[PDB]
Amino acid sequence: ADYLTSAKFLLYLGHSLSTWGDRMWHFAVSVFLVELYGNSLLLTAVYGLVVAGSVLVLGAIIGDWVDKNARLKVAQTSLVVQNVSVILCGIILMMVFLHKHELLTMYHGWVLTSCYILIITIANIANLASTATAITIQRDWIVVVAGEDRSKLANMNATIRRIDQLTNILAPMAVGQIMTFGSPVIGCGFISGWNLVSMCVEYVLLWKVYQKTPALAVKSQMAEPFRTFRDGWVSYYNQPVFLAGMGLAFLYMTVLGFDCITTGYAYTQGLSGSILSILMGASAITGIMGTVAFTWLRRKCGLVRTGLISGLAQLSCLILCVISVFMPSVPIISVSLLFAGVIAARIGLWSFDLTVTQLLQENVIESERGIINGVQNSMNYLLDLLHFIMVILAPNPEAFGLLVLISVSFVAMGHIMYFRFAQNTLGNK
Ligand SMILES: O=C(NCc1ncccc1F)c1coc(CCNCCc2nc3ccccc3[nH]2)n1
């Protein structure tokens, strides 16, 4: 089987072994914050606000970094930084858990706060490196490797999204089984070793994939970074794909996902391990269905029409969701219907994100694949930070109707901007 040694599968394996470690470490840090500190939302909110702004700035700066340096060296350095940061965070977490009872009492609260700050800073560096790697792989190496064959590019993006989704719903399950079967102290260390092994194998894998395809080779102190930062954003406006980016960012700011806040809505109305597993499995299955639907629609239509159709479907079932909210024992109809609306919204959302990311891949000048995508991630996290602020503005279980109304309104605005883009770049239906 020459497929195993082929470049496409090498890149698939590289991204799979990267995202598995990423998701496992995210789950580990979230569980650490939940377990060590009884209060989390306040802190997890601090984590969100220190990740989002740092990404907002250093992501444009990284987009400057990606296109400037060597193609392979930048990716290797990104992998090194991400895995080393995760290693340091794991070591600090192991030292904290081992001395859980030795600093809550004997040491001053400043020591615990300093440990939390060190974890926050190192995890922020890790996530910044993860964003750098995501850019340099997905938005540049996929385009180069897939080449002019647009269908191959679409299939590669769909496959990467499918493995991302399956890993996103499997990694928490495996880590929870590990922690329950073993111990939080022992299981946490397993992540450090797994990330080190993945570091070595991923370094080898990237070195290999670079050799398989030669096309990849062809290509006071704060004044300069802001020269690029000012240049990077204004470059985004000049590009014809700006409205698509804005629409994707507005969709990115969306409460009606299945993250911690919808998990808390579940705590309030209905919540169980079986229910969580069933809902997340349905979400993953429907995301896979959305990816395959995106591929099918791209086979039938082009790209902009596919994005328009996916947005219409997502907005339709979010209209169904807001109908469910509108309609007043336990209202089992309302919560289950809201979840079904979220599931179909995930279908449409994955389709739309694939469309927009492919358009950003195929409609950007060669030398600015780094800055433009870095700014697009910066904007995504800008509106994600606004989402976090809206969450902490009304962190009340019965203050969720307004939040969901705002989320659906922002989805509508994003799809309106995408329709404006379709009209701008296409004069026919
Ligand atoms: O609704 C969802 N996502 C919109 C969306 N995303 C991506 C593509 C299309 C699309 F439409 C949704 C649901 O689950 C998830 C998976 C988690 N990502 C959340 C983004 C995030 N991760 C963070 C980590 C640290 C700090 C801030 C962070 N912000 N994403």
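Note that chain A carries Swiss-Prot numbering, so the residues on display, from first to last, are 18-236, 286-394, 449-549.
Cβ atoms are placed via backbone N, Cα and C, with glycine included.
Here is what Swiss-Prot says about this protein:
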TRANSMEM  24-53  transmembrane segment
BINDING   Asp39, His43  Fe cation 1 binding site
TOPO_DOM  54-57  topological domain 'Extracellular'
TRANSMEM  58-84  transmembrane segment
TRANSMEM  88-118  transmembrane segment
TOPO_DOM  119-126  topological domain 'Extracellular'
TRANSMEM  127-162  transmembrane segment
TRANSMEM  165-195  transmembrane segment
TOPO_DOM  196-202  topological domain 'Extracellular'
TRANSMEM  203-229  transmembrane segment
TRANSMEM  307-333  transmembrane segment
BINDING   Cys326, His507  Fe cation 2 binding site
TOPO_DOM  334-338  topological domain 'Extracellular'
TRANSMEM  339-366  transmembrane segment
TRANSMEM  369-391  transmembrane segment
TRANSMEM  454-483  transmembrane segment
TOPO_DOM  484-488  topological domain 'Cytoplasmic'
TRANSMEM  489-513  transmembrane segment
TRANSMEM  517-542  transmembrane segment
Distance in Å, whole number, Cα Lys236 to Cα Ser286 over 49 unmodelled residues, equals 31
Counts by DSSP class (helix H/G/I, strand E/B, coil) across the topological domain 'Extracellular' (119-126)
3 helix, 0 strand, 5 coil
Unmodelled segment of 54 residues: Cα separation of flanking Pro394 and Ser449 in Å
11
Sequence-distant residues near the topological domain 'Extracellular' (119-126) by C-beta distance (under 8 Å, 6 or more away from its ends) are 113, 132
Counting Cβ pairs closer than 8 Å, which of 127-162, 307-333, 369-391, 489-513, 517-542 has the most of them with the transmembrane segment (58-84)?
489-513
Leading contact stretch, 24-53, 88-118, 165-195, 203-229, 517-542 vs the transmembrane segment (339-366) - CB distance under 8 Å:
165-195
Integer Å value for the Cα distance linking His507 (Fe cation 2 binding site) with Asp39 (Fe cation 1 binding site) is 22
Are there at least 3 C-beta pairs under 8 angstroms linking the transmembrane segment (307-333) and the transmembrane segment (454-483), leaving out pairs fewer than 6 apart in sequence?
yes
Answer with yes or no whether the transmembrane segment (203-229) touches the transmembrane segment (88-118) by the criterion of at least three Cβ pairs under 8 A, sequence separation 6 or more.
yes
For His43 (Fe cation 1 binding site), just count the other CB atoms lying within 10 A of its CB, please.
18
How big is the gap, in Å, between the Cα of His43 (Fe cation 1 binding site) and that of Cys326 (Fe cation 2 binding site), rounded to a whole number?
13
Would you confirm whether the transmembrane segment (203-229) and the transmembrane segment (489-513) meet the contact rule of 3 or more C-beta pairs below 8 angstroms, pairs 6 or more apart in sequence?
no
Using a Cβ-Cβ cut-off of under 8 Å, list the residues of the same chain that are 6+ residues beyond the ends of the transmembrane segment (24-53) and lie near it.
60-61, 64, 96, 100, 103, 106-107, 110, 113-114, 117, 136, 140, 143, 147, 150, 154-155, 158-159, 162, 169, 173, 176-177, 180-181, 184-185, 188-189, 191-193, 196, 201, 205, 208, 211-212, 215, 218-219, 222-223, 225-226, 229-230, 326
Whole-number Å only: compute the distance from the Cα of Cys326 (Fe cation 2 binding site) to the Cα of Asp39 (Fe cation 1 binding site).
17
